[PDB]
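First come two forms of one protein chain, each written alone as C-alpha cells, so that there is a structure 1 and a structure 2.
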Structure 1
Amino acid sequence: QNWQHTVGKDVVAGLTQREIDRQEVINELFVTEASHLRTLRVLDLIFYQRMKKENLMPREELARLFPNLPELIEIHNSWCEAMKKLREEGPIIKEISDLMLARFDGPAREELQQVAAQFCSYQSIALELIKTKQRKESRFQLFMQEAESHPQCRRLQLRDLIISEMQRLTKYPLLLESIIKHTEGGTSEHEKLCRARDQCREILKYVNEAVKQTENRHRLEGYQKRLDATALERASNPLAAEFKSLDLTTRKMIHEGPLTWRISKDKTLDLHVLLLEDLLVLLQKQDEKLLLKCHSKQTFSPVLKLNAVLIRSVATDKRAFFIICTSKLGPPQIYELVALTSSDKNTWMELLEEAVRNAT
C-alpha cells in the first residue's frame, strides 16, 4: 500500500520524516505511471487491434480515433522503463530530477506534446461518432458491449479509458508539485524539478490548445451548414456585398458568444457573434438558421473586417462596448454591443484588442 509498507521498516530505519514523505510521493508517480501504460495497452489490444482486424469501420475513421497509439505507448513505456531502471539500485530513490527532464524537457517535450496533441485533438468528435455509430449499427453495438465486458477493461467503458491521457497530463504538474514540496530547497535538484514542473504546465496548455483549436474548426464546419447569407446577394451596402458567399471554414475562430446589439434608441437585437482572425461576423438566429442581414436604422454590414475597426469602452455602461467600422467606400458606423456581465465585457474587449492588433 504505502512506500513505507513496502520496502521495509528496516529500510526506512535511518531516514528523516521529510525523506520518507518524499519517497511516498515519488512512489506514487512510479506506480500510477505503471497503471497508465497498462491502460494504454488495454486500448491497443482490446479496442484498436480488434477494430483493425475485424474491419468494423473504414481505416481513415479508425485512424482518427487512435491516431498514434503505438507511438504514445512508446513514450510512456520508455519513461516507465527508466523509472524501473532507477529502482534497480535500491528502494530509496535518490536524485530524480534527471529523470523528469528526460521526459518533459527539450526534444522530449517536443515529442510528447506533438503526440499527445494529435491523440487528444479530435477525440471528443470521434467519441460522438462512436456513440452515433452504435445506434446505427447492431453489429457495432454488439462489439462495444463485448469489448467493454472484457476483463482487461475492468468494467470500464471506452470513454473512460481514452480520456486517461488528458487525466494523466493534467496530473503531472500536481504530482511534481508534491515532490518539490518535500525537496531540500536551494539545491540543484530543487531548481531542476521546478524547471520540469513549469514545462508540464506548458505541455498541458499546448495540448488543451490543440483540442480547443480542433473543436473550433469543427464548430465552424457546423456553422457553415446553417449559414444563410442570401440577403447579401441583394447588396446595396458595399462592405456587406463582399460576403455574399462567405465561407467560415477558411478562417480560425478566436471567440464566440451572445451579445445584445443596441442598434437604436429602444431598439435591440440579440445576436451571436463570432470573432475570427480577420473578421467579426454578427449572426442573427431564426430557428436553426444563422442569418447574415444588413439591418436598417443606410444600413449596417453584418461582417466587419478587423483591419478597419476601432475598439472602445462605453464609459456609462460597463456591460457595453463600441466597435467602430472605419471601412472606406461606405459611411463609417458605430456598433454598440452589450455583454452579459462586466466580466464578460472585459473578456470580449481583451480578445478584440488582441485580434485587431494581429490583424493590423
Structure 2
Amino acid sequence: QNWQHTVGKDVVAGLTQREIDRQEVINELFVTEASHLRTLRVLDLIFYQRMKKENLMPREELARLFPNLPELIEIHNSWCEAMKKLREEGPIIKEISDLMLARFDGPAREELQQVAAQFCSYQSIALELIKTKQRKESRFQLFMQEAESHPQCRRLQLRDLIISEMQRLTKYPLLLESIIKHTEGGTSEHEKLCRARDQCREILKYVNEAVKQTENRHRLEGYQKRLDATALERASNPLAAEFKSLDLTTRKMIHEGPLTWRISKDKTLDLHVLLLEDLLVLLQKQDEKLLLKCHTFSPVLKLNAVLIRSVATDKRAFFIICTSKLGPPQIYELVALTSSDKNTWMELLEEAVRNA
C-alpha cells in the first residue's frame, strides 16, 4: 500500500506535510527495491537455474543471456539489507544520503555500472536468439511456455522480466529527485542526495554506452559479411581504391540509416549509410548484400575532408562537400526520411566532422 496509512500510522500527525511526502518517496524506493530483488530471483529460479541444470541450451549461449545474475542479485540484495538495517532504527527514516552514496558513489558506482552493463549490453541480441530458438526447437518452446506459466511470472514473459535491471536503474534518478524535493535545502543531506542523483545519471550514461557499443559491434560484424567491395579492387577513381579492403569491424559507428541520393537530375539512388568515426560509407543494398561500389563518385568519404551544409528549399536534404582539393567538384546531396531525421543526421555529421 502506502506509508501514511501503513506504518507511521501513530506517528504521522506530528509531522509536516513535506516530511510526510518525504517518507512516502523513501518508502517507495525501499519497497520497489525489494520488489526488484524479488524479480531478479524469479529470473534466477524459474529460468536461469533450470536452463542450466536441464541443459536447455549450450553453456556459452546461456552465459551470454545471464552473464552475471548472482553478482547482480547480491548488488541489490546487499543494498536492500542495508535498507532494512535503517528501517530498523524506527519507521521514520531520517538521513538517507549515506545509504544512497554507499550504492551510487565512488567504488560502489564503479561496481554497479560495470555489473549492470555486463548484464544488459548483450541483451537485445540474446533475446532475438531466444525468440529464434523458441521458433525452431520444440523442447525449448515447451520449456518456455511452461516456465512463463508459473504464477511468479505474473503473466510476464522472460523478456518482460529480464529488462527490469535496466528499467530499475532508470527509476533511481527520479526517486532521488523526488526525495530531494521534499528534503530541507542547505543540509549536507540535500547536497549529498544531489550528488547521488548526479552519479545515477552517470551510471545510466555508462550502461547506455555499453549497450550501444556492444550492439554496434555485433551489427557491424553482420554488415561486414554482407559487404561486397568487389567493384573496387579496380575502381576508376583512386579516391575509392584504398577502401578495397575496408573492414567495418575496426571502426566505431555513430549513426546509420537509410538515405536517398539525388546523384543527378531526377535520378535518385536508395542507400543505407553508416556514419563511422573516420568515414561516411555509402552502401547499396543488393538483396541481402551491401555494395561498396563507385558512382564517378567515391562511395567512401573521409570526414576530415568534408563540409556539411543545410538546404534552402528542402527541409529533408543536406549536402556533403569534399574539400579534399583532389576530388569531387560535385557535392553529395542526400535526403532523409523526414526533416527531424535530416536534422539528426546533420548534427551528428557536423559533430563527427568537428572531431575528425
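Counting starts at 1 and follows the sequence of structure 1. By rigid core we mean the largest C-alpha set that fits within 1.5 Å across both forms.
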Report the entry in 217, 269, 54, 331 that lies at the hinge, where the C-alphas stop fitting one rigid part best and start fitting the other, between the two structures. 217
What is the rotation of the smaller rigid part with respect to the larger, given in whole degrees, between the two structures? 16
After superposing on the core, C-alpha shift for residue 314 between the two structures in angstrom: 8.5
Core superposition result - C-alpha of residue 351, shift between the two structures, Å: 4.5
Using a rigid core superposition, the C-alpha offset of residue 225 between the two structures in Å is 1.3
